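Analysis of the macromolecular model
Below, each chain spelled out in residue letters.
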Amino acid sequence: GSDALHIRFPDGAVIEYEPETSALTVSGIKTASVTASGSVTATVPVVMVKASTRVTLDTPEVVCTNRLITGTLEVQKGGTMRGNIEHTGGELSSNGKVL
Amino acid sequence: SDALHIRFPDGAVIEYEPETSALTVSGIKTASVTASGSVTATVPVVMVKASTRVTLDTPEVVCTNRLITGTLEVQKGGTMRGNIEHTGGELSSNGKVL
Amino acid sequence: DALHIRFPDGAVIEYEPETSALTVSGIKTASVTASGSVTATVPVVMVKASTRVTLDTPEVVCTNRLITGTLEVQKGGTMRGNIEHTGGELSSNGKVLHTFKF
């Protein structure tokens, strides 16, 4: 192809593609939104979300197909755990009593 | 260029509105992004409103600090390090209330 | 009222009104930097990431159910409500709790 993309908007935002490094950049915006009636898919080895306030997944179900790692966990309304569950490195308590 | 505003014959819109600094894609059925390296989003607030499901089909999802959920289902085991406080119900294991 | 871009490296950005499909393909990286918010509103979101998805934020909120294969909690937490464990051993600090036949 021979097309190019470097849109420089009057508010300072930029949308650009650089083919030598194959880098797509969107910068200088306040908000972005995508509204679709079917699906949104991203297929890429690494997804990195740096959100200094919050990431909200407002959905009936979030599915992690393999491992999920978190710093801390808060479960609000119960759940189920199958397989070996290993607690270490502190106290596991239930209704105020240590297990 | 210096502007972006496209209205397609299906009613979709792809635009950038510099007055409010808002990038908008609307009225579409599907979107897909395929990249060989990485996608990064850096922004205070991310909101995904998905009336059916969000699937993270990956070897590992990492939340760097807190994860809050309504309910939890762990299918194939896990490890919990630190102090874990259970309250507000019963803990059952292998068919019996503990 | 159209969008079909093909770059010298083979990447494409296109919108197809017949199927109402937006496609970005053939790129190496994308980066979006915004000062306010990024929102997606759609029934189904699929992230197919052969290495890893990192949510680097003070808080990830799942409003309803979270399902995972395996779980690792690094620095503690709280669980409220009824929790049902099945199909393996429950242990704390190396001590297998007596929840099945020894």
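Going by the structure above, here's the rest.
This text gives an overview of the structure that appears in the document. (Residues numbered from 1 in each chain as written, not as in the entry; some residues may be left out. Chains lettered and ligands numbered in written order. Heavy atoms only, no water.)

**Notes on the overall build of chain B**
Rules: Under the DSSP-based scheme used, a helix requires at least four consecutive residues in state H or I and a strand at least two consecutive residues in state E, with every element numbered from the N terminus. In this description the radius of gyration comes from C-alpha coordinates, and the expected globular size is given by 2.2 Å times residues to the power 0.38.
In terms of helices and strands, chain B carries 0 helices and 10 strands. For chain B, the succession of helices and strands along the chain, N to C, is β-β-β-β-β-β-β-β-β-β. The C-alpha atoms of chain B give a radius of gyration of 21 Å, which is well past the 13 Å a tight globule of 98 residues would have. For chain B, the C-alpha atoms occupy an extent of roughly 65 × 30 × 25 Å along the three principal directions.

**Brief notes about the interface of chain A and chain C**
The test is simple: Every residue pair with non-hydrogen atoms within 4.5 Å of one another is taken to be in contact. As a working definition, buried area equals the accessible area (1.4 Å probe) given up by two parts on being put together, with both sides summed. A carboxyl oxygen of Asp or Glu within 4 Å of a side-chain nitrogen of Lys or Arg is what we treat as a salt bridge. Polar contacts, as counted here, are pairs of nitrogen or oxygen atoms within 3.5 Å of one another; within protein the pair requires one atom able to donate a hydrogen and one able to accept it, and residues that are adjacent in sequence qualify only if both atoms are side-chain atoms. Think of it as three bins: nonpolar holds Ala, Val, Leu, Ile, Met, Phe, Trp, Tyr, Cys and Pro, charged holds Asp, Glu, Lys and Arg, and polar takes everything else, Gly as well. Only strands that DSSP links by at least two bridges are regarded as paired with each other.
In this complex, chain A contributes 78 residues to the contact, which on the side of chain C involves 79 residues. Each partner contributes to the roughly 6,300 Å² buried at the junction of chain A and chain C, and carbon and sulfur atoms together form 50% of this total. Connecting chain A to chain C are 3 salt bridges. Measuring nitrogen to oxygen at the nearest pair gives 2.9 Å for the salt bridge that ties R54 of chain A to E59 of chain C. Along the contact surface separating chain A from chain C lie 76 residue pairs in polar contact. When contributions to the side of chain A that touches chain C are tallied by element, the ones reaching two or more residues are β3 (23–43), β4 (46–50), β5 (54–58), β6 (61–75), β7 (79–82) and β8 (85–88) of chain A. Of all the elements, β3 of chain A adds the most residues to the side of chain A that touches chain C, at 21 residues. Its residues placed into classes, the side of chain A that touches chain C shows 34 nonpolar, 33 polar and 11 charged. Sheet analysis places β8 of chain A next to strand β9 (residues 90–92) of chain C, joined by 3 bridges and oriented parallel. When the sheet's bridge partners are listed, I85 of chain A is paired in β9 of chain C with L90 of chain C.

**Some remarks on the interface of chain B and chain C**
Across the boundary between the two partners, chain B contributes 77 residues, which contact 78 residues of chain C. Broken down residue by residue, the surface that chain B buries against chain C is led by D57, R81 and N94 of chain B, which jointly contribute 9%. Linking chain B with chain C are 4 salt bridges, by the criterion used here. One salt bridge in this structure joins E59 of chain C and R66 of chain B, with 2.8 Å as the shortest N-O distance. Applying the counting criterion to the chain B and chain C interface returns 79 residue pairs in polar contact. Contributing elements (two or more residues each) for the side of chain B that touches chain C: β1 (4–7), β3 (22–42), β4 (45–49), β5 (53–57), β6 (60–74), β7 (78–81), β8 (84–87) and β9 (91–93) of chain B. No other element matches the 17 residues that β3 of chain B contributes to the side of chain B that touches chain C. Per-class residue counts for the side of chain B that touches chain C are 33 nonpolar, 31 polar and 13 charged. One ladder, built from 10 bridges, connects β3 of chain B with strand β3 (residues 21–41) of chain C; its direction is parallel. The residue bridging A31 of chain B from the neighbouring strand is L22 of chain C, located in β3 of chain C.

**Points about the side chain of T57 of chain C**
Test applied: Note on exposure labels: buried denotes an accessible area under 20% of the residue type's maximum, exposed denotes more than 50%, and partly exposed covers the range between, all computed with a 1.4 Å probe on protein chains only.
For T57 of chain C, the location among the structural elements is in the loop between β5 (52–56) and β6 (59–73). With relative accessibility at 2%, the residue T57 of chain C sits in the buried group.

**A closer look at a nonpolar patch on the surface**
Residues and elements named next belong to chain C. We apply this condition: Any residue with relative accessible area above 30% and no salt bridge may belong to a patch, with like charges joined within 9 Å and the nonpolar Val, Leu, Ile, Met, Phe, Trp and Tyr side chains within 5 Å. Per-residue and other accessible areas follow the Shrake-Rupley method at a 1.4 Å probe size, with only the shown protein chains counted as cover for residues.
A cluster of nonpolar side chains, contributed by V96, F100 and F102, occupies part of the molecular surface with about 290 Å² of accessible area. Here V96 shows up in strand β10 (residues 95–96). The exposure class of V96 is partly exposed, given its relative accessible area of 36%.

**Description of the pairing of β5 of chain C**
As paired strands, β4 of chain A and β5 of chain C are joined by 5 bridges and run parallel to one another. Bridge assignment links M48 of chain A to a residue of β5 of chain C, and that residue is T54 of chain C. Looking at chain direction, β6 of chain B and β5 of chain C are connected through 3 bridges and run parallel. Within the sheet, the bridge partner assigned to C63 of chain B lies in β5 of chain C and is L55 of chain C.

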